[PDB]
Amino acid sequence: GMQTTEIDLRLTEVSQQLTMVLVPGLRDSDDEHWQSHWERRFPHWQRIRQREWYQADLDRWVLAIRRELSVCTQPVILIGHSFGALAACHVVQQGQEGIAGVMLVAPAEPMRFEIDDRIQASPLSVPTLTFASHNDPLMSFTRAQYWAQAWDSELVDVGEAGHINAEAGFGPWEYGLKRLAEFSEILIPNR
């Protein structure tokens, strides 16, 4: 990457004070998925685990994120993909403490997973960044705009990026790391 060394230095400093938590969606994030690239690149970043990944169940994802937060010593940034991003949203909306910010990458339309009754179209109590594709099967761009506006999130148009997964080339996704660095630095307690 053109900006790799500067990305890594900046993110290494952010990590001295904030903890990144990776939240995958359905089936987990495979080895070539950006969340997995990022985990290998930043081995101190955290990642949720659970026994079953193949059934969308909001409460299981929420329970996994809660488990993860219970042992965090610093404020967390939740970095979600698809169903994982919905879970990140729901946990913040239900009033979970210890969250500095959330990054929602290709959040799914709640109806696709029959959780339209659990995700509110209302502001998230913390700073939020949302990345939306124009050819994501689970979320139209105009609906991404609707949700971002409702959630009071910044909306980052990544073009035709499919579902923002390995099959689409994400992948190392240095641009996501760059944006994360920008966003997270303003959340650091002592900068």
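When you see a residue number, it is the position in the sequence shown, counting from 1.
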| Quick one: higher average CA temperature factor, 72 to 80 or 103 to 111? | 72 to 80
| remark: Taking the deposited Cα B-factors and averaging over 5 to 13 and over 172 to 180, the higher mean is found in 5 to 13
| Residue with highest C-alpha B-factor in the PDB entry, from 158, 155, 126, 138 | 126
| said: Between 38, 146, 131, 53, which one tops the list for Cα B-factor in this entry? | reply: 53
| request: Give the position of residue 163 by CA B-factor within its chain, expressed as the lowest, middle or highest third. | output: lowest
